[PDB]
């Protein structure tokens, strides 16, 4: 009898799933099909199944469906009562397809530890969508250290990726030395979010500030991890404060630090320390000292102490002098640099001692500049309107005094209304503001001095008592005043 074969579906992928079929038909010497005939069919090259035995159907056919994970030529042979027939079948290796493959990084964010690793996984598939193992694969990264590629013999390949440097890595693939276009993946190599007290630092621009609620000190926090990495995108960062109440501005992240400013309205100390949620870097704490604002507390004039908002002095004369007082004690004056805006007419020494030497003609200012905080200074302003001086030391008549004090159009015997008021005070009068002139120089003696009520009516004033008295016009000292 005869044994003829027909191959159906040849050239199947060598995926061990798709099958090639072979139909053997057994016929008699004449050409008719024989049924119920026993047929043994065998395959080679590792194909499955290897051997099958069966009977021919009514059309005298006995078939086999075979698969193979091994490409190349698979021979299938049938044997029946001596007769033997063979045919070659072909299994083709798959063709790797980038559009059917995948690449992933997990996790996608890693600490630039040099140890923590992202596992890069490639799912290598072919054109038919089948997995391809044993391929020569390599991963490439723009940054970091790619580990060793392990073929999981299932179609997937993996390798650990680490980095000691900060940055973003792009991983790509290469099969058989050539680039394989599966979409690249990224891996952000970041810093440990936990600051290392030792490498991190905390700085204040200035340790001492004025308690005016305006002068500020800048806080600069630089958090570095245990690897020496600067830590960015920090959440839960704050600046604690211990001491006098202070105002800390919101914090601003920079590319290399975290800053903020602080001002305060209460005198005292305060230690500011960085805290990153749960962690308080106490070894970084810094102190800021808020000082009292320099302030003019009074004017010391020949035994008195006048307030600063009275306009003193309205009158002046050669050698007149007073001591401005800073912060309730003149001992504090050496903490400032003293200067006058109109010299030498108005002089000031290092003790805040102001002494008049010549007349003024406009407003004048004596300024005290803080040595500690140079940007701060306080000034005492005044604008005298009377310049007093003598018209002789000898005792003269009122007519004499009158002429002697009229050396200028703006000269005349001092008006009594401006000479005194009885007591000492910043009332704009000569005696009221300065007291007895005898206390300033040797040009003024104790005694009666002529003062003026009207052009013809002269009065007299006691220099030591500041007392006015209208009546006995004998002789008296000429008291001149130049309006200025």
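Residue numbers count along the first chain shown, from 1.
For the stretches 356-364 and 157-165, which has the higher mean C-alpha B-factor as given in the deposited record? Stretch with the greater average CA B-factor: 157-165.
Would 466-474 or 19-27 have the larger average of its C-alpha temperature factors, as given in the entry? Averaging CA B-factors over each stretch, the winner is 466-474.
According to the Cα B-factor stored in this entry, which of the following is highest: 65, 419, 41, 58? It is 419.
Quick one: which of 405, 122, 78, 320 has the biggest Cα B-factor according to the entry? Out of 405, 122, 78, 320, the record gives the largest C-alpha B-factor to 405.
Residue 1: which third of its chain by C-alpha temperature factor? Highest third of the chain for residue 1's C-alpha B-factor.
Determine, from the deposited record, the chain-internal third of the Cα B-factor for residue 387: lowest, middle or highest. CA B-factor rank for residue 387: lowest third.
Would you please rank residue 224 by its C-alpha temperature factor against the other modelled residues of its chain and give the third it falls in: lowest, middle or highest? Answer is middle: the recorded C-alpha B-factor places it there.
Pull the Cα B-factor of residue 185 out of the PDB entry and bin it into the chain's lowest, middle or highest third. It belongs to the middle third of the chain when residues are ordered by C-alpha B-factor.
Third of the chain's Cα B-factor distribution that residue 48 belongs to, per the entry: Lowest third - that is where residue 48 ends up once the chain's C-alpha B-factors are sorted.
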